[PDB]
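Chemist: The structure that follows is given in the form of structure tokens.
Protein chains in written order, with UniProt numbering: chain W, 7 to 549; chain R, 5 to 538; chain C, 5 to 538.
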């Protein structure tokens with residue numbers, strides 16, 4: 007009975023602009039905003055994720071949550087896709103986009119309530135974005151010089167690990183910086199040839215113990231045991247390594263090749279045949295000076311008997327990725343066939359041994375002061391399942407951030423701990439004040455959104471935002487001996503958990519953000535916010 | 005008077021539901037009109053998001069329940085095969101035409117009376133258009149104007165930041181394929197290609213073709229200043245005997261030597277290919293040699309080609325091979341046995357771009373490629389979809405102007421001036437009927453839905469923008485001068501569209517007016533709504 | 005923002021309620037405009053049904069629930085006392101003004117902008133009225149004209165056959181009491197009486213007064229020629245001994261003889277009254293004598309008068325006793341003891357009419373009665389109610405014209421000409437505001453609700469009839485002549501109301517537009533409805 011107007015498409019209840027579709031869409035996003043809001047900062051909060059397959063994990067990482075969430079509402083998908091942008095060609099900024107984009111929408115609603123149109127708001131945000139991106143260029147204090155020194159790496163790696171694992175920052179920073187310094191070449195001013203793929207550093211973890219016994223291996227660590235009799239190689243250098251993709255057994259035949267036996271003599275003759283053919287294949291391997299053999303597949307009993315008699319270490323590596331990575335350690339090329347590991351396709355490893363990590367035995371292919379691998383492995387330990395798994399993720403983030411140090415001025419450093427965000431509030435506001443007309447309304451609110459970072463950093467640290475924020479603002483709203491501010495470009499949030507009051511100088515702990523991460527987040531967050539605002543109606547239909 | 009399992013609307017209810025349904029469709033699509041309009045979201049039910057403002061996309065991808073709105077959606081969508089634009093305009097015109105007609109029908113005006121009045125207004129509207137339009141200079145070298153055409157089209161569809169990127173791309177891509185001697189053009193000569201891992205602002209114009217399969221050897225050339233192109237349909241993968249055979253050996257050495265003996269068949273073909281390269285600028289400086297082989301190339305032979313500074317591509321798609329024959333001028337060699345310099349084409353700068361996931365080969369700078377490529381970039385599906393449409397929309401807009409030299413100043417100048425014209429001509433002529441005038445008045449008012457909707461979206465007062473245009477037009481008429489007056493959707497006051505650079509196409513305005521008149525008439529003339537078996 | 009036991013109606017819903025309700029009230033009364041309108045039956049729930057067209061009665065007695073419709077109905081009732089007519093005109097104007105305003109409000113026109121335009125158009129309408137009116141002669145010998153006025157005010161509310169009966173009744177009744185001197189005009193000098201058992205066609209004008217109580221003796225004249233009138237306030241019923249007494253007698257015959265002596269108390273008064281005639285034209289030819297005694301008269305006293313051909317009436321109402329002193333010129337005597345020849349009045353024929361149930365005495369043909377009576381006939385309260393309203397309003401209509409020489413040609417010429425005037429003056433002046441001109445056009449169009457409704461009720465198509473009036477009106481102006489052009493509700497073509505005889509009141513139309521403007525403005529300016537305590 008009750009009539010309805012405006013709903014004529016498959017009977018859908020689809021809200022128009024006048025029905026507050028934008029406000030309702032933002033309200034849906036706010037649910038995810040609050041979820042991500044408590045992640046940022048060295049004191050961020052953990053979340054429990056129960057995978058539908060029956061696996062329970064704990065993480066600080068918002069991107070992990072967003073990928074584990076089944077996100078339905080298109081208004082949220084816009085920001086989740088924005089998060090993926092931070093993962094593509096960048097190793098950080100996930101929280102910055104989710105938090106900033108949500109706040110930009112929250113302050114937009116305050117403007118919508120005034121009667122300021124979505125078009126006018128979006129136009130102002132685009133202007134404030136372009137202003138913001140320019141202002142960031144002038145906030146640079148230092149710069150990474152890309153000399154790949156351990157100490158230069160630590161300056162960046164430490165704040166990257168922070169906010170994923172707190173309290174172990176120095177231990178994990180040494181683990182990542184050491185492994186990164188292992189794979190990075192010694193060079194200066196060389197940007198023509200790309201290098202340092204994230205895959206160049208593997209992380210391996212065993213349950214039990216703690217990071218107090220962590221280390222870094224110059225080479226690959228495999229979870230497979232030496233199947234053969236020889237469990238280790240000698241102390242000599244340059245052990246020849248052969249790698250096969252063919253299983254180490256009698257060769258097969260492309261068509262049929264089935265042996266049928268009718269007479270006892272035939273059994274004896276075929277048995278001797280196969281044994282001799284396998285020996286010939288194992289002999290030709292040994293005759294090339296091979297002392298270790300790596301199979302991408304299993305090994306027959308006879309092959310083990312012959313390889314043992316030849317003193318060849320037998321190690322199975324079923325993973326195609328590990329075999330490809332092995333080419334970055336020993337240089338060997340996996341042989342598509344069996345019994346002809348041409349010397350040119352042989353690799354060299356200085357040491358192959360078994361090691362006990364956490365109580366579990368693994369096989370290690372490494373070099374020490376020579377024939378140095380292009381891969382590194384970081385060894386983690388920990389007794390607690392949930393904590394160790396997240397520590398592994400912290401290692402990956404450190405490596406990814408180093409990749410962010412790219413030829414196009416990726417080394418530019420800006421004060422962190424919210425110091426950049428606070429200065430932006432002052433500068434963007436002035437841009438608003440100098441802009442005539444209604445444009446100033448959105449430019450000013452654009453600035454307002456940026457206080458969410460020093461707010462969130464305070465909230466997670468247990469501090470009263472109502473005292474920290476006015477102290478942060480007063481710390482930057484100061485009188486300096488000249489037009490250009492100096493000492494008070496470094497005042498940030500003191501993540502201490504202390505009682506009384508105050509701010510902390512970035513210089514005390516070398517808390518810097520990467521310009522490339524910041525400017526990228528500013529672009530992505532604005533596009534996400536303005537995309538949502540541009541949508542005044544959602545209609546579903548068969549495609 | 006009704007059979008079971010059926011229903012009909014006999015009284016005026018048939019008209020109320022037809023107008024109401026049209027008003028709904030209007031209230032949705034009106035928000036997409038103009039550069040200041042809003043952006044609609046489409047959900048395919050599988051979780052994929054597509055964003056668009058395009059009338060045709062909105063009408064053809066969205067489902068409609070109201071059977072009357074379906075008729076409007078289909079009739080308006082048909083415009084895509086006639087003009088390529090104006091779909092939203094038609095829907096807006098049809099809605100308001102039915103609104104104004106309904107107001108008069110309530111007074112006892114028979115639908116036929118309005119229909120005849122609409123037809124009289126339509127005929128006079130076409131006369132107005134012919135006198136209102138401006139003849140474009142017949143020169144194709146007028147890049148400055150063609151930029152204005154592409155810009156006007158793009159600003160409707162993109163965020164105005166991508167307009168700065170796409171405008172010169174649309175303009176030059178169409179002009180590049182525009183035939184010499186002021187002839188016609190086929191915009192299908194511009195390939196629309198999507199790629200990921202780059203921002204939408206990186207969208208670029210490529211002078212030639214871009215190929216998917218690249219080189220697969222680390223020593224393949226990165227860039228060659230000038231190269232000859234071998235177009236070859238002969239496989240270079242390790243060959244086996246065509247007849248029953250086998251490798252019968254007593255030793256591993258004989259095993260491989262026998263396999264090599266058959267491999268020599270490929271090496272012999274490679275020798276003839278390399279010998280050709282040696283003959284044709286073999287050691288000449290700033291020269292190279294490219295192979296775009298249709299079939300596979302053995303990793304062994306890729307090592308050979310790289311050592312000879314040859315860029316060897318393999319397993320090219322038919323579409324690339326046929327186009328590359330045209331672009332490079334070479335011929336396809338079906339057998340290396342007849343290989344000769346006469347086979348080779350020629351290209352300028354040839355290089356490969358390395359993208360995290362993919363490689364792309366560029367065969368640009370040809371004598372007469374007769375083809376362009378536009379690379380549409382983005383990180384998301386909806387970003388690629390919106391930009392792709394914006395490019396195709398601009399390409400059609402510019403091509404339409406090059407084909408049809410008739411240009412009409414936009415920004416509402418046509419629709420406001422036409423409304424004034426019809427109101428005056430109707431009383432000066434009185435050539436319809438004392439009651440038919442109601443249809444003409446309804447038509448003249450309905451035309452204003454466009455300047456009103458355009459500004460409504462901009463956020464400026466729809467009432468002031470009309471009065472301001474009226475004031476300026478009145479001065480022009482009293483001064484006995486020709487003046488084109490529109491509305492500036494950024495400032496809110498009036499403007500001259502011929503200085504701002506806002507233009508409509510003759511084909512779009514001609515068919516948008518004719519179509520909307522027919523559609524509204526078809527609904528107004530509906531006497532009964534029949535339902536049986538549904 | 006809501007308090008319990010309260011409501012705040014927002015989001016322009018208050019305007020939607022105000023307009024919707026006004027269209028309801030308009031729809032009710034729109035069916036009753038002009039001589040072509042319908043009749044309504046009003047049922048009081050007790051079994052008494054009233055038949056009327058009178059807007060004042062309709063709005064007063066009709067139950068209204070919509071608070072907005074109550075506002076309009078009561079505001080019209082205020083105008084009824086001010087103007088004496090125009091009830092339906094006001095309501096129709098208010099409704100259409102709100103309908104036209106609503107259409108523009110939906111388009112973004114602020115209610116105040118329209119309201120200001122209404123005030124401008126109202127002031128300009130009053131200026132037009134001043135040039136539109138015709139100045140009537142001040143002569144009271146304009147009976148031929150006043151007949152047309154009576155027809156205009158009667159024909160609207162009667163069955164068109166009764167018009168022929170009432171036209172001379174209303175016309176001459178007011179002219180009779182209207183002194184032909186610049187003195188004054190009081191329509192209360194015409195009394196309104198009702199009688200049953202005759203057809204409504206028999207409504208009659210009586211030059212004098214009519215009394216209910218008749219004679220109660222068969223030998224008294226029913227027709228007295230050139231009567232003298234005695235006005236007497238004291239009873240002539242059998243009187244008893246002034247003081248307590250009794251009948252003390254010896255023989256039976258003395259009982260009645262003593263009673264006969266007691267009778268002398270009243271008989272002495274009878275002799276004095278009989279001698280009064282003897283002194284004043286006792287035996288003169290063509291003279292009579294009538295007594296209008298306020299108190300009773302004994303059957304024996306009536307016999308005394310009957311023997312002398314005297315018509316002795318009794319138990320007259322005070323209201324007629326006081327008036328008859330003014331009508332006949334005689335003085336009331338509180339007692340026969342003061343009786344003198346100088347007391348008697350004089351009149352012509354005194355007539356006793358007898359019908360089935362009642363008698364009526366007529367005191368016509370007085371020298372200077374300064375009073376008239378109209379007797380409204382009917383069989384039931386249907387004819388009596390409708391006719392009474394027609395007479396009372398007709399007397400007022402012709403009274404206003406006699407008092408106010410300003411007459412307005414009707415037939416819609418006033419309101420149709422206003423539409424043309426405001427349409428042109430607005431476009432010629434444009435001195436209001438770029439936005440306010442919208443309200444002026446809305447006002448000018450709303451004025452046409454009256455000529456359009458008059459035609460619709462006739463069965464003629466308003467679309468053609470209004471057009472024909474506009475055509476001839478324009479032709480007259482192009483011909484540089486003054487012509488009044490209105491609607492012929494019987495033929496369907498145009499007519500000249502100043503030849504046909506269709507006249508409207510100056511004062512009614514002046515205030516009708518001003519009132520309707522205020523009423524519509526008061527509702528258009530209402531942004532929210534505020535309810536509490538209910």
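Don't be surprised by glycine CBs; every beta carbon is placed ideally from N, CA and C.
(1) Within the 8 angstroms Cβ cut-off, does residue 111/R reach chain C?
(2) Check whether the Cβ atoms of residue 207/R and residue 379/R sit closer than 8 angstroms, and answer yes or no.
(3) Given residue 520/R, which residues of its chain have a CB within under 7 angstroms of its CB, disregarding the five upstream and five downstream residues?
(4) Mind pulling the chain W residues with CB within less than 8 angstroms of residue 65/R?
(5) Measure from the C-beta of residue 132/W to each C-beta in chain R and report whether the shortest distance is under 8 angstroms.
(6) Buried or exposed: which applies to residue 201/C, given that a residue is buried once 16 or more other Cβ atoms fall within 10 Å of its Cβ?
(7) Count the other CB atoms, across all protein chains shown, that sit within 10 Å of the CB of residue 525/C; report buried if there are 16 or more and exposed otherwise.
(8) Residues in the same chain with beta-carbon distance under 8 angstroms from residue 252/R, minus the five sequence neighbours each way, listed in chain order, please.
(9) Could you work out which residues of chain W lie near residue 45/R, taking near to mean beta carbons separated by less than 8 angstroms?
(10) Identify whether residue 413/C lies in helix, strand or coil by the three-state DSSP scheme.
(11) Using the C-alpha atoms, what's the distance from residue 480/R back to residue 439/C?
(12) What does a CB cutoff of less than 8 angstroms around residue 259/R pick up in its chain, not counting 5 residues either side in sequence?
(13) Could you list the residues in the stretch 92–104 of chain W with a C-beta less than 8 angstroms from some C-beta on chain D, going in chain order?
(14) Within a Cβ cutoff of 7 angstroms, which residues of the same chain sit near residue 563/R, ignoring the five residues on either side of it in sequence?
(15) Kindly list, in the order they appear in chain W, the residues whose Cβ is closer than 8 angstroms to that of residue 165/R.
(16) Out of 136/C, 288/C and 118/C, state which residue places its alpha-carbon closest to the alpha-carbon of residue 103/C.
(17) Once DSSP output is grouped into helix, strand and coil, what is the label at residue 290/R?
(18) Rounding to the nearest angstrom, what Cα-Cα distance links residue 513/R and residue 91/R in this structure?
(19) Where does the unbroken beta strand (DSSP E) through residue 57/W begin, and where does it stop?
(20) Taking residue 468/R as the query, report the chain C residues whose CB atoms sit under 8 angstroms from its CB, ordered along the chain.
(21) Taking residue 480/C as the query, report the chain R residues whose CB atoms sit under 9 angstroms from its CB, ordered along the chain.
(22) Output, in chain order, the set of chain R residues within a Cβ distance shorter than 9 angstroms of residue 83/W.
(23) Do you know how far the Cα of residue 80/R is from the Cα of residue 509/R?
(24) Under the rule that 16 or more other beta-carbon atoms within 10 Å means buried, what is residue 227/C, buried or exposed?
(25) Would you mind stating whether residue 432/W and residue 482/W have Cβ atoms separated by less than 8 angstroms?
(26) In this structure, how does DSSP classify residue 550/W when only helix, strand and coil are distinguished?
(27) Along the chain, which unbroken stretches of the beta strand (DSSP E) at least 3 residues long are found entirely within the stretch 329–362 of chain W?
(28) Indicate whether at least one CB of chain R lies closer than 8 angstroms to the CB of residue 492/C.
(29) Counting only Cβ pairs nearer than 7 angstroms, list the residues of chain R close to residue 185/W.
(30) What residue from 506/R, 435/R and 246/R has the CA that sits closest to residue 151/R's CA?
(31) Taking the alpha-carbon of residue 300/C as reference, which of 395/C, 358/C and 240/C has the nearest alpha-carbon?
Modeler: Answer, in terms of the structure:
(1) yes
(2) yes
(3) 94, 97, 98 and 101
(4) 547 and 549
(5) yes
(6) exposed
(7) buried
(8) 262
(9) 80, 541, 543, 544 and 545
(10) strand
(11) 21 angstroms
(12) 251 and 253
(13) No chain D is part of this structure, whose protein chains are labelled W, R and C.
(14) Beyond the ends of chain R as shown, which are 5 and 538, falls residue 563/R; an answer cannot be given.
(15) 132
(16) 118/C
(17) coil
(18) 11 angstroms
(19) 53–57
(20) 438 and 439
(21) The contacting residues do not exist; residue 480/C stays about 17 angstroms from chain R at best.
(22) 51 and 53
(23) 17 angstroms
(24) exposed
(25) yes
(26) Any question about residue 550/W goes unanswered here, given that chain W covers just 7 to 549.
(27) 353–355
(28) no
(29) Chain R residues near residue 185/W: none, gap ~22 angstroms exceeds 7 angstroms.
(30) 506/R
(31) 240/C
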